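Here you'll find one protein chain in two forms, each presented separately as structure tokens under the names structure 1 and structure 2.
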Structure 1
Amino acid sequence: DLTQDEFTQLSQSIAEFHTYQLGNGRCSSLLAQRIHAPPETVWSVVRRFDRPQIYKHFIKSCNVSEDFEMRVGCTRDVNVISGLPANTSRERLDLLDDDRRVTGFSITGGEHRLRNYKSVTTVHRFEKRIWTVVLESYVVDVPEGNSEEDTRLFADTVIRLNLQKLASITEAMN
């Protein structure tokens, strides 16, 4: 996946936001997407907590309060497209750092099986031409009698598809 030069450059961010030391019954993974677009452009979409459906394929709609303010602790209600093993997710914004380009959220409830899910998404400048690397990591409980391996495959597949869609949206923005 990540090159040596990408790792090195990305080392302290990964230690700071994307490394976990967990007990059993919980699992994590880290995923990376390269985007051939300025990190200002990528971050302008990543940080828009009220409109995840701009890049998240499986989200049919997202509702926020009439008094919504973009501030740690604000919440959103997302509704999943039809036919899926989940219908809704209730999510809380945990991080919004406009200097470092760090965001994250937690799933506090809803109709789905990704209990105590929390993810962190970070945006990184690379200079070849300016490009961007996005890291996204999550921790989640392993539902009793499911395996850690199926849980990770599920989360990873959704995050990977979302970060691909992010890359296509943000590259089209040039």
Structure 2
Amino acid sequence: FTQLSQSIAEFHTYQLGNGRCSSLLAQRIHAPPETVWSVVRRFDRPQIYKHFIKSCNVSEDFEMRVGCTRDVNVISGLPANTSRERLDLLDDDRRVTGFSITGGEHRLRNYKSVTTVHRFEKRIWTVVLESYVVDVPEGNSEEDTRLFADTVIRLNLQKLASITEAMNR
């Protein structure tokens, strides 16, 4: 579909800068795009569809805008860490959102990620695209970093499929 390819060219294509790496993942979901997007868009509640989140805190006066932040307490490695994340992009009409990890996540330094939600018709189904660019830690190989980031995104997208399909019922 052209809308898909246009989204990939605008939001999921990347420069191959040195010490950087990126990837793009896709998840078909048997649920309407509005439901999937209503979950995907809530920057303050990523635990609804992500794994390994002990908790996520936002300021007492939180309002979702570009530049708003969250603290994500992560327990996917056992000295728990607090990922500091910043909303880069939110467009409800285009169903696109994006965030950055500014600090607190030594495995994903200068992580930047974009998620887009697409409608497909035949029964109205959804395809979610999720991509990222991130530093390769100097001692790391690229494939280690991508393997880690890919594995996590794949599991989270599976959980998102599962929870939105249960919602749609």
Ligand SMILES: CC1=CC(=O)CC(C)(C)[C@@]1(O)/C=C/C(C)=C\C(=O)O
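Only residues modelled in both forms are compared. In this text, the rigid core denotes the largest set of C-alpha atoms whose superposition between the two forms falls within 1.5 Å. Reference numbering: structure 1, starting with residue 1.
Enquirer: Return 1 or 2 according to which structure is the form deposited without the ligand.
Expert: Looking at both, the form deposited without the ligand is number 2.
Enquirer: Core-aligned, does residue 93 move its Cα 2 Å or more between structure 1 and structure 2?
Expert: No; that C-alpha moves by less than 2 Å between structure 1 and structure 2.
Enquirer: For residue 23, what C-alpha shift in Å is seen between structure 1 and structure 2 once the core is overlaid?
Expert: With the rigid core fitted, the alpha carbon of residue 23 is displaced 1.4 Å between structure 1 and structure 2.
Enquirer: After superposition on the rigid core, what is the displacement of the C-alpha atom of residue 84 between structure 1 and structure 2, in Å?
Expert: With the cores aligned, its C-alpha sits 3.3 Å away.
Enquirer: In Å, how large is the C-alpha displacement of residue 102 between structure 1 and structure 2 after the rigid core is aligned?
Expert: Spelling it out: core superposed, C-alpha of residue 102 shifted, distance 0.1 Å.
Enquirer: With the rigid core superposed, can you list, in sequence order, the 3+ residue stretches whose C-alpha atoms all shift 2 Å or more between structure 1 and structure 2?
Expert: After superposing the rigid core, the shifted stretches between structure 1 and structure 2 are 7-9, 81-86, 111-113.
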